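K.L.:
Opening with a subset of the complex:
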Amino acid sequence: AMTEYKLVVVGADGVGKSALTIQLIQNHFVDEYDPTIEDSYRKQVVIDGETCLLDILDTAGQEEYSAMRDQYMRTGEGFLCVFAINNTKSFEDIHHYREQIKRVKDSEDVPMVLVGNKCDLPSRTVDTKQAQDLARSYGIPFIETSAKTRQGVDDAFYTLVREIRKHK
């Protein structure tokens, strides 16, 4: 009975939710052949010596009804809250995603990691001082990633699993 961790990836349209997940699951950067519909994926990985299974919901179609999203938001054990470092509006949306997760989990204590994706781009508009101050106000880790180069991707998911391990 290998430990299973249920993870959910949330964030504004276009921040790279699918790109982060597809690098971990399929070892490539998202292209026109990868599907765009919301789905869950499974992956066996070794994190700090523990062989475990990750079950990841990649959210999409945010305005439409989804029975899977309804189930997995309630059972999710940890959430990656993603913004893009070149899109201030996506960073401004983070607090709304976090407030919704707390509302649906009916708890003030939910494992989460703040992810600033697209860190390969020169056009940064969200400074790390602003993002780190937000993560510190929530008591959660902050990591910057590039799903394109894969920088930080595996570490973002492993960091979230480390936060889930502290919940219990």
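P.N.:
Perfect, thanks for sending it. Residues are numbered from 1 along each chain as shown, chains lettered A, B, ... in the order given.
K.L.:
make it CA atoms for all contacts and neighbour counts henceforth
P.N.:
Will do.
K.L.:
Against residue A:148, how distant is residue A:70?
P.N.:
To residue A:148, residue A:70 is 30 Å away according to C-alpha to C-alpha, to the nearest Å.
K.L.:
which one of those two has more residues nearby?
P.N.:
More neighbours surround residue A:148 than the other of residue A:70 and residue A:148, with 19 against 11 (other C-alpha atoms under 10 Å).
K.L.:
Am I right that that one is in a strand?
P.N.:
No. Counting by DSSP: H, G, I helix; E, B strand; the rest coil, residue A:148 is not part of a strand but coil.
K.L.:
thinking it is in contact with residue A:29, fair?
P.N.:
Yes. Counting by C-alpha atoms under 8 Å, residue A:29 is a contact partner of residue A:148 at 5.7 Å.
K.L.:
Show me whatever sits in contact with both of these two.
P.N.:
residue A:19 (C-alpha atoms under 8 Å, 6 or more residues apart in numbering).
K.L.:
Now do the strands in chain A.
P.N.:
Per DSSP state E, chain A has strands spanning A:3-11, A:39-47, A:50-58, A:78-84, A:112-117, A:142-144. These are given in chain order.
K.L.:
Sequence for chain B below, add it please:
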Amino acid sequence: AXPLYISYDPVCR
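P.N.:
Take a look at chain B, now in place beside the chains above:
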């Protein structure tokens, strides 16, 4: 906005 549509979230209702 939600931001996600979740059927049992009171804000979505």
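K.L.:
got the residues of chain A near chain B?
P.N.:
Residues of chain A lying close to chain B (C-alpha under 8 Å from any C-alpha of the partner chain) are A:62, A:63, A:64, A:65, A:66, A:69, A:70, A:96, A:97, A:100, A:103, A:104.
K.L.:
Could I have the buried ones of those as PyMOL selection syntax?
P.N.:
The following PyMOL line selects those of those that are buried, judged by 16 or more other C-alpha atoms under 10 Å in any protein chain shown:
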select buried, chain A and resi 62+66+69+70+97+100+104
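K.L.:
Backbone torsions only: list them for residue B:8.
P.N.:
phi -100, psi 0 (degrees, to the nearest 10).
K.L.:
So which of the residues of chain A next to chain B are in helices?
P.N.:
With DSSP state H as the criterion, helices contain A:69, A:70, A:96, A:97, A:100, A:103, A:104 from among these.
K.L.:
Let's verify the residue in chain B positioned nearest to chain A: helix, strand, or coil?
P.N.:
Here chain B gets closest to chain A at one residue, residue B:4, 4.8 Å apart by C-alpha to the nearest C-alpha. Remark: residue B:4 carries the secondary structure label coil [criterion: three-state DSSP].
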